[PDB]
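Below is one structure; the comments refer to it alone.
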Amino acid sequence: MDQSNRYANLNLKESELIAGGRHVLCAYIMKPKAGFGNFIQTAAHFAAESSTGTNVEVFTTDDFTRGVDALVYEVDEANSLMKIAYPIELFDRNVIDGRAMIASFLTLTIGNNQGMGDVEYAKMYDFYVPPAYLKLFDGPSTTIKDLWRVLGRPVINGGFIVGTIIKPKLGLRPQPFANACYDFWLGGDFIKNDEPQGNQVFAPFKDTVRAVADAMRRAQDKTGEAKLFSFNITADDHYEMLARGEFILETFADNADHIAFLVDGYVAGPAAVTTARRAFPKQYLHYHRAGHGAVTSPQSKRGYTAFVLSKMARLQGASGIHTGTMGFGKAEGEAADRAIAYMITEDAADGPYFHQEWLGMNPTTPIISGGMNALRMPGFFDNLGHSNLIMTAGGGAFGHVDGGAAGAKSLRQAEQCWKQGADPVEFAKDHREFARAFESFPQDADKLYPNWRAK
Amino acid sequence: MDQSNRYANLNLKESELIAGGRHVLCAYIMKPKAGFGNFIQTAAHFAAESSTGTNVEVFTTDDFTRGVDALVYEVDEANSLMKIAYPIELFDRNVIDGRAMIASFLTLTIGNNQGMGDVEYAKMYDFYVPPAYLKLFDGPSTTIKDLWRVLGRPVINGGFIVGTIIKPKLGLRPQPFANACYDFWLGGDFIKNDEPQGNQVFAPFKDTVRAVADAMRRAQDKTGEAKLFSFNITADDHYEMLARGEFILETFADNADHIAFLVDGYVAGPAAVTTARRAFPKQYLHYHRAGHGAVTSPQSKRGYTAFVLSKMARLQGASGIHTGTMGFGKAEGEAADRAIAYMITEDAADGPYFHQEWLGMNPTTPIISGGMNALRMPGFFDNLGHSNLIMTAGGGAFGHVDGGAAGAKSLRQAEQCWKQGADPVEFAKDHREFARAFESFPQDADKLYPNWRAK
Amino acid sequence: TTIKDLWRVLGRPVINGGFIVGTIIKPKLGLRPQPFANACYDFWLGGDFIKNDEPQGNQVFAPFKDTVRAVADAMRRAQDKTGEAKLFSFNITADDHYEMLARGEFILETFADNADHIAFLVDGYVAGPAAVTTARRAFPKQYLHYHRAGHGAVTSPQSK
Ligand SMILES: O=C(O)[C@@](O)(COP(=O)(O)O)[C@H](O)[C@H](O)COP(=O)(O)O
Ligand SMILES: O=C(O)[C@@](O)(COP(=O)(O)O)[C@H](O)[C@H](O)COP(=O)(O)O
Ligand SMILES: [Mg+2]
Ligand SMILES: [Mg+2]
Ligand SMILES: [Mg+2]
């Protein structure tokens with residue numbers, strides 16, 4: 001069935017659709033499967049399955065329904081581009097508070113359209129949210145300002161937060177775990193749970209939370225500096241997430257504002273993210289995206305990009321989200337991913353297809369992680385342009401030859417080097433912990449700074 | 001770094017790992033990216049990033065950690081096959097009730113390993129859950145038996161539940177919506193909300209719920225038969241899901257056991273599914289999988305298959321899940337997908353790589369939906385072998401030329417034809433609503449039953 | 142929840158899993174927390190299931206939380222010693238619905254990875270159907286053990 005006359009209107013102007021403020025706009029890279037309809041026919045069926053229709057005519061359709069159809073307004077077949085306009089009335093709203101839900105956005109814009117038999121593939125690269133819909137999202141309640149304030153840093157451009165992940169990923173019992181925390185905190189600021197750490201039989205949650213709280217008090221007494229921890233509170237059960245969060249805040253007591261809550265938002269879903277955002281709005285919500293690579297990888301021609309994932313996370317209310325190392329670490333990622341960081345931190349920014357005004361919605365911190373170490377950091381910051389962020393180096397800190405404290409100091413020193421505009425090899429001559437990161441990761445040192453041993 | 005000596009043990013026997021009952025097993029189709037390590041080296045790093053390690057050595061590792069490492073125990077590079085054994089102690093458990101969480105299973109087995117820079121792709125095709133871990137999952141609390149009991153059908157092999165989806169997908173205001181419900185219920189059993197229908201500004205939730213309750217009462221009075229509705233209660237906010245569910249049960253009153261709750265489990269996540277399973281265990285939980293195609297499509301070489309998604313949904317507690325049309329409808333799917341239906345309904349079944357014993361865990365109904373209609377149903381049932389399920393046909397019912405009631409009756413008659421072993425064209429001579437489905441979908445009739453017009 | 146869920150925990154077939162060997166901790170009242178837990182451990186070296194005697198709860202000489210913790214320790218030690226799963230049925234009966242919840246929630250959290258080895262005992266005849274329903278609806282994944290103390294006042298054939 002050809003539904004192009006109903007679901008396609010290529011005479012609509014994007015600038016008028018934006019100015020109108022009545023439509024969500026999505027841009028997709030799509031390819032029709034061979035043997036079905038042409039590009040516009042396939043894009044029109046895609047619009048129908050993403051708004052008001054199905055694959056056949058139904059006699060219950062009225063003119064009111066036709067008015068809320070999603071419309072294909074722009075195509076570019078040689079570049080596989082399809083842009084659709086979604087009337088904002090289509091999106092579901094809470095009965096309890098009239099607010100928006102990202103689950104409805106996902107259901108319509110990247111839901112059943114991902115299982116179409118006549119489409120080879122379709123992936124969302126950008127979306128535009130107008131003011132009338134944007135303002136109905138939670139947005140972040142806590143930001144990096146609240147971490148800077150706890151550290152005694154300026155709340156405007158407070159700078160780089162030196163972090164790590166406790167490694168091994170799993171296996172440390174409660175006291176060995178808190179001993180590694182204490183060691184890192186002698187030189188660093190922030191520690192996060194590795195994403196799966198929680199209530200394993202060999203490291204029960206309550207025993208680890210108590211041991212970590214004791215290690216925070218001892219490290220603050222020893223250094224005279226505030227320390228931060230991001231606990232994993234992810235669970236299927238909403239009530240388990242509440243039980244974990246409430247226990248941590250009570251246990252940390254006068255250090256309760258030093259606590260961030262980590263949620264595995266991609267695998268547990270938006271429902272888990274919203275549970276922590278709404279139950280604990282005064283605690284920094286750390287969005288961990290484990291599993292995202294199944295769709296965001298450039299190897300995938302389906303689902304949505306990491307740029308789209310990150311933009312949605314700001315609307316959901318993440319205080320920070322992992323944006324990757326932009327090609328400087330161990331994971332998939334490119335230098336151009338710096339545009340993701342600007343979209344989640346600025347009040348106005350450009351996406352690959354759509355500019356976005358955030359109307360004062362709070363920023364989401366880019367959390368940098370994945371095979372980072374002291375040696376790889378100057379190149380990373382040169383590409384991004386600032387260090388007003390959190391960087392967590394698990395292997396980079398606990399793989400440092402002189403220990404966790406020296407590991408932490410090598411990361412502190414690497415950002416000082418970049419901030420001072422110094423040559424890393426020349427800088428290392430007067431900074432031992434940074435110099436010893438060359439001997440800890442010699443394969444990286446040989447690649448990045450060829451004659452480092454002679455100097 | 002080569003981690004194959006630690007994370008690979010190809011001398012482990014799969015039959016001994018199963019007999020031991022101490023490991024979750026996962027089977028993946030993986031391809032290393034060119035220029036990094038070979039197959040076993042890449043599989044070992046993949047196991048490290050999915051359990052206890054990272055991409056470099058860390059000095060916090062102890063022998064206790066090494067004992068809980070995930071291990072590559074079987075490879076077949078010619079078929080791109082990788083099998084990993086996960087010690088069950090790795091998986092997170094609830095502090096409140098000691099039960100398992102699928103978010104932890106997902107985080108470890110298909111989490112960060114999907115963003116590996118040295119892997120071209122990796123997709124999970126099957127998993128094995130031993131008794132010690134299986135018994136910690138919720139499993140389904142309500143089944144098709146409970147629906148059959150409300151319908152006055154036998155609770156053992158009660159038969160085919162004639163279903164539809166209200167179409168248009170969005171656009172009907174509350175009374176037109178309830179009028180389409182009433183019309184369908186004059187000849188059918190079950191109606192579900194189309195996945196995005198909820199609380200749109202043009203069809204407020206409470207007005208729609210009240211209008212549908214009135215239509216249920218009127219259809220039951222007119223026909224003398226029980227009628228069922230599956231309402232979408234999906235939301236980001238846990239408290240919105242509760243508010244929707246509580247309002248529906250109170251409104252339906254003496255018809256409250258005729259209500260199923262629909263959750264968009266793939267986009268809202270396991271957290272939303274668990275909210276409905278634990279808050280409303282006496283209401284049939286309908287798992288809608290909109291968006292799954294981004295990873296489950298055979299065009300994707302990442303994430304996991306629809307077989308894996310369905311198997312996880314039974315552990316999560318879905319009373320039913322959409323299993324697709326197995327190549328007989330409009331979506332991607334194949335005849336071999338009948339094995340998904342057997343895995344979720346039987347007490348013992350074979351997956352593509354692992355045999356699974358369910359230890360009396362309740363079955364999950366296969367919900368059949370996606371471009372189905374009366375004409376396509378006999379072929380669908382011939383491939384599956386039974387009709388003890390719910391089939392929903394939106395376009396197939398509301399696209400019937402004589403209306404929703406005739407649409408419903410054509411679906412009822414199509415399964416009666418299959419059950420009687422009759423020839424569909426000969427059967428249509430004595431069954432008008434079924435015969436009129438040929439005239440409603442003539443392109444389908446021409447392909448499936450060539451000289452139908454002459455007879 | 143049914144006997145299937147107890148058979149599954151014991152490693153028995155879920156269909157016709159057979160006899161569950163049980164006892165009641167005696168004295169009916171009087172054992173302090175550690176003597177109570179010592180009798181649990183001793184029985185579990187040869188048996189499967191233990192239930193609270195119907196009035197045992199939070200007596201001043203055997204506070205509930207101390208007894209629950211001592212029994213959880215005895216369950217862990219008996220399971221380690223025998224290599225077999227052990228079951229306990231705790232009395233959570235109370236006039237106050239919120240007391241029943243407080244008892245049940247504390248037990249599941251304390252037993253942790255052994256939380257599916259727990260049954261909840263309710264004195265359904267004296268506390269009434271309201272107490273039975275509190276346990277059934279609040280803890281549907283825990284075996285609900287209905288104790289009928291007092292029933293004999295009407296059920297006895299001596300009663301007409
Ligand atoms: O488990 C890990 O691998 C990490 O803790 C990094 O540890 P290492 O520092 O030792 O590499 C992070 O979870 C990943 O960076 C997540 O990837 P991403 O940030 O892209 O979402
Ligand atoms: O919106 C739709 O497209 C449907 O209502 C089918 O309606 P029609 O009968 O008119 O086609 C279902 O949601 C899809 O089948 C879900 O996909 P799946 O079952 O594969 O999960
Ligand atoms: Mg991690
Ligand atoms: Mg639908
Ligand atoms: Mg007694």
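Going line by line, the protein sequences match chains C, D and E. Going by the authors' numbering, the first sequence opens with residue 1, and the numbers climb by one from there. Going by the authors' numbering, the second sequence opens with residue 1, and the numbers climb by one from there. Going by the authors' numbering, the third sequence opens with residue 142, and the numbers climb by one from there. Even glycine gets a Cβ: it sits at the ideal position worked out from N, Cα and C.
Which residue from C:423, C:360 and C:82 puts its Cα closest to that of residue 379 (chain C)?
For the purposes of this step, residue 379 (chain C) is taken as the residue at position 379 of the first sequence. Residue C:423 is the option with its Cα nearest to residue 379 (chain C).
Own chain, CB closer than 7 Å to residue 202 (chain C), minus 5 neighbours either side, in chain order: Taking the first sequence and counting its residues from 1, one reaches residue 202 (chain C) at position 202. 173, listed in sequence order.
Residue 369 (chain C): CB within 8 Å of a non-hydrogen atom of ligand 1: Against the first sequence, residue 369 (chain C) aligns to sequence position 369. Under cutoff, so the answer is yes.
| Whole-Å CB distance - residue 114 (chain C) paired with residue 291 (chain D), under 8 Å assumed | Locating residue 114 (chain C) in the first sequence gives position 114, counting from the first residue. Locating residue 291 (chain D) in the second sequence gives position 291, counting from the first residue. That belief holds up - the Cβ atoms of residue 114 (chain C) and residue 291 (chain D) are roughly 6 Å apart, short of 8 Å.
Could you tell me which uninterrupted beta strand (DSSP E) segments, each at least 3 residues in length, are contained entirely in the region 145 to 207 of chain E, listed from first to last along the chain?
163 to 165 and 190 to 192
Under 9 Å between C-beta atoms, does residue 296 (chain C) make it to chain D?
For the purposes of this step, residue 296 (chain C) is taken as residue 296 along the first sequence, with counting starting at 1. True, the Cβ-Cβ gap to chain D drops below 9 Å.
Check your understanding: Is the Cβ-Cβ distance between residue 285 (chain C) and residue 134 (chain C) less than 9 Å?
Key -> Position 285 of the first sequence, counted from the start, is the residue given in the question as residue 285 (chain C). Position 134 of the first sequence, counted from the start, is the residue given in the question as residue 134 (chain C). No. Outside cutoff.
message: Can you tell me where the beta strand (DSSP E) holding residue 263 (chain E) begins and where it ends?
response: Counting from 1 along the third sequence, the entry for residue 263 (chain E) is found at position 122. Note, residue 263 (chain E): beta strand (DSSP E), 259 to 264.
### Message
Taking the alpha-carbon of residue 414 (chain C) as reference, which of C:399, C:381 and C:404 has the nearest alpha-carbon?
### Response
Counted from its first residue, the first sequence places residue 414 (chain C) at position 414. Cα-wise, what sits closest to residue 414 (chain C) is C:381.
Let me check understanding here. Comparing Cα to Cα, which of E:300, E:250, E:256 and E:243 lies closest to residue 226 (chain E)? Here residue 226 (chain E) refers to the residue found at position 85 of the third sequence. Among E:300, E:250, E:256 and E:243, the Cα nearest to that of residue 226 (chain E) belongs to E:256.
Tell me, to the nearest whole angstrom, how far the beta carbon of residue 132 (chain D) is from that of residue 88 (chain D); I am working on the premise that it is less than 8 Å.
In the second sequence, counting from the first residue as 1, residue 132 (chain D) sits at position 132. In the second sequence, counting from the first residue as 1, residue 88 (chain D) sits at position 88. Indeed they touch by this definition, with Cβ atoms about 6 Å apart.
What is the DSSP secondary structure of residue 59 (chain C), counted as helix, strand or coil? Within the first sequence, residue 59 (chain C) is the residue found at index 59, counting from 1. Coil, per DSSP.
| request: Compare the Cα-Cα distances from residue 211 (chain D) to each of D:243, D:240, D:236 and D:248 and report the closest residue. | output: Counting from one through the second sequence, the residue named residue 211 (chain D) turns up at place 211. The shortest C-alpha separation from residue 211 (chain D) is found at D:248.
- Starting from the beta carbon of residue 96 (chain D), find every residue of chain E whose beta carbon is closer than 9 Å, and list them in chain order. Within the second sequence, the letter at position 96 stands for residue 96 (chain D). Within 9 Å Cβ-Cβ: 246, 249, 250 and 256.
* Name the one or two DSSP bridge partners that residue 76 (chain D) has. => Here residue 76 (chain D) is taken as the residue at index 76 of the second sequence, counted from 1. DSSP, once it has assigned bridges, lists D:81 as partnering residue 76 (chain D).
Original post:
Is any heavy atom of ligand 3 found at a distance shorter than 8 Å from the C-beta of residue 317 (chain D)?
Top reply: Here residue 317 (chain D) refers to the residue found at position 317 of the second sequence. False, no ligand heavy atom lies under 8 Å from that Cβ.
Residue environment, residue 229 (chain D), which counts as buried when at least 16 other CB atoms sit within 10 Å:
Translated into the one-based positions of the second sequence, residue 229 (chain D) becomes position 229. The residue in question, residue 229 (chain D), is buried, as its Cβ has 16 or more Cβ neighbours within 10 Å.
- request: List the endpoints of the continuous beta strand (DSSP E) containing residue 365 (chain C).
  value: Here residue 365 (chain C) refers to the residue found at position 365 when the first sequence is read from its first residue. First-last of the beta strand (DSSP E) with residue 365 (chain C): 365 to 369.
Exercise. Residue 253 (chain C): which of C:37, C:209 and C:169 sits nearest, CA to CA?
Worked result: The residue you call residue 253 (chain C) lines up with position 253 of the first sequence. Checking every option, the nearest Cα to that of residue 253 (chain C) belongs to C:209.
| said: Could you compute how far the alpha carbon of residue 183 (chain E) sits from the alpha carbon of residue 329 (chain C)? | reply: For this step, residue 183 (chain E) is matched to residue 42 along the third sequence. For this step, residue 329 (chain C) is matched to residue 329 along the first sequence. Answer to the nearest angstrom: the Cα atoms are 57 Å apart.
Practice prompt. Mind checking who residue 232 (chain E) pairs with in its DSSP beta bridge?
Written response: Counting from one through the third sequence, the residue named residue 232 (chain E) turns up at place 91. According to DSSP, residue 232 (chain E) bridges with E:262.
Could you tell me the boundaries of the alpha helix (DSSP H) in which residue 49 (chain D) lies? The residue given as residue 49 (chain D) occupies position 49 in the second sequence. 39 to 49 is the extent of the alpha helix (DSSP H) around residue 49 (chain D).
Which class does residue 293 (chain E) belong to by DSSP, given the choice of helix, strand or coil?
Along the third sequence, read from residue 1 onward, the residue named residue 293 (chain E) stands at position 152. Here residue 293 (chain E) sits in helix by DSSP.
Terminal residues of the continuous beta strand (DSSP E) containing residue 25 (chain D)?
Your numbering for residue 25 (chain D) matches position 25 in the second sequence. Note, residue 25 (chain D): beta strand (DSSP E), 23 to 32.
Closer than 7 Å between beta carbons: that is the criterion. Which residues of the region 343 to 367 of chain D meet it against chain E?
359 and 360
Requested in this report: Check whether the Cβ atoms of residue 366 (chain C) and residue 320 (chain C) lie closer than 9 Å to each other.
Outcome: Taking the first sequence and counting its residues from 1, one reaches residue 366 (chain C) at position 366. Taking the first sequence and counting its residues from 1, one reaches residue 320 (chain C) at position 320. Taking 9 Å as the Cβ cut-off, residue 366 (chain C) and residue 320 (chain C) qualify as a contacting pair.
Legend entry - Inter-residue spacing [alpha-carbon to alpha-carbon] between residue 60 (chain D) and residue 440 (chain C): Residue 60 (chain D) sits at position 60 when you count from the first residue of the second sequence. Residue 440 (chain C) sits at position 440 when you count from the first residue of the first sequence. Roughly 14 Å between the two C-alpha positions.
Name the two residues that bound the continuous beta strand (DSSP E) containing residue 126 (chain D).
-> Position 126 of the second sequence, counting from 1, holds the residue named residue 126 (chain D). Taken as a continuous stretch (DSSP letters only), the beta strand (DSSP E) holding residue 126 (chain D) covers 119 to 128.
Review point. Once you ignore the five residues that flank residue 346 (chain D) on each side, which residues in its own chain have a CB closer than 8 Å to its CB?
Key: Here residue 346 (chain D) is taken as the residue at index 346 of the second sequence, counted from 1. Same-chain partners within the cutoff: 358 and 363.
*asked:* Looking only at its chain, what residues have a beta carbon closer than 8 Å to the beta carbon of residue 207 (chain E), apart from the 5 residues adjacent to it on each side?
replied: Against the third sequence, residue 207 (chain E) aligns to sequence position 66. Hits under 8 Å: 174.
Using only the alpha-carbon positions, how far apart do residue 263 (chain E) and residue 239 (chain E) sit? On the third sequence, position 122 is the one that residue 263 (chain E) refers to. On the third sequence, position 98 is the one that residue 239 (chain E) refers to. If you take the alpha carbons of residue 263 (chain E) and residue 239 (chain E), they lie about 14 Å apart.
query = How about residue 303 (chain D) and residue 110 (chain D): are their beta carbons less than 9 Å apart?
reply = For the purposes of this step, residue 303 (chain D) is identified with residue 303 of the second sequence, where counting begins at 1. For the purposes of this step, residue 110 (chain D) is identified with residue 110 of the second sequence, where counting begins at 1. In contact: residue 303 (chain D) and residue 110 (chain D) (Cβ atoms closer than 9 Å).
- Straight-line gap, residue 196 (chain D) to residue 75 (chain C) (C-alpha atoms, nearest Å): Counting from 1 along the second sequence, the entry for residue 196 (chain D) is found at position 196. Counting from 1 along the first sequence, the entry for residue 75 (chain C) is found at position 75. Using only the alpha carbons, I get a separation of about 26 Å.
message: Buried or exposed for residue 355 (chain D), going by 16 or more other Cβ atoms inside 10 Å?
response: Taking the first residue of the second sequence as position 1, residue 355 (chain D) is located at position 355. It is exposed - the Cβ of residue 355 (chain D) has fewer than 16 other Cβ atoms within 10 Å.
Can you tell me which of the three DSSP states residue 283 (chain E) falls into?
On the third sequence, residue 283 (chain E) is found 142 positions in, with the first residue counted as 1. Three-state result, residue 283 (chain E): coil.
- request: Return yes when at least one heavy atom of ligand 2 lies under 8 Å from the C-beta of residue 308 (chain D), else no.
  value: Position 308 of the second sequence, counting from 1, holds the residue named residue 308 (chain D). Residue 308 (chain D) Cβ: outside cutoff for every heavy atom of ligand 2.
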